[PDB]
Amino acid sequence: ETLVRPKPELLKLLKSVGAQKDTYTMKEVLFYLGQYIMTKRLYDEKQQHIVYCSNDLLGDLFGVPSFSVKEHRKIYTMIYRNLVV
């Protein structure tokens, strides 16, 4: 009840990087989302603060083509839209 419950499309995201649970602290979520971005190589060599998720499950979930890591509010909005209420 400290924790938060992923909607199952994001929870399938988390397991494609080795996650075992189905509830999580925010930290776990942020950390797994980062696995993803760095494993699936979703970024520009030119400007590395932009993540491009255009043709990818991540983009699906967040409903965007791309977004900047410097933009937290906007990130948490995207994450929460995927949290079981």
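Counting begins at 1, following the sequence as shown.
Higher-B stretch (mean Cα B-factor, as the entry records it), 46-54 or 22-30:
Mean C-alpha B-factor is greater for 46-54.
56-64 or 32-40, whichever carries the higher mean Cα B-factor:
Higher of the two, by average CA B-factor, is 56-64.
Which third, lowest, middle or highest, does the C-alpha temperature factor of residue 70 belong to within its own chain?
For residue 70, the deposited C-alpha B-factor lands in the middle third.
Position of residue 78 among the chain's modelled residues by C-alpha B-factor, lowest, middle or highest third
According to the entry, residue 78 has a C-alpha B-factor in the chain's lowest third.
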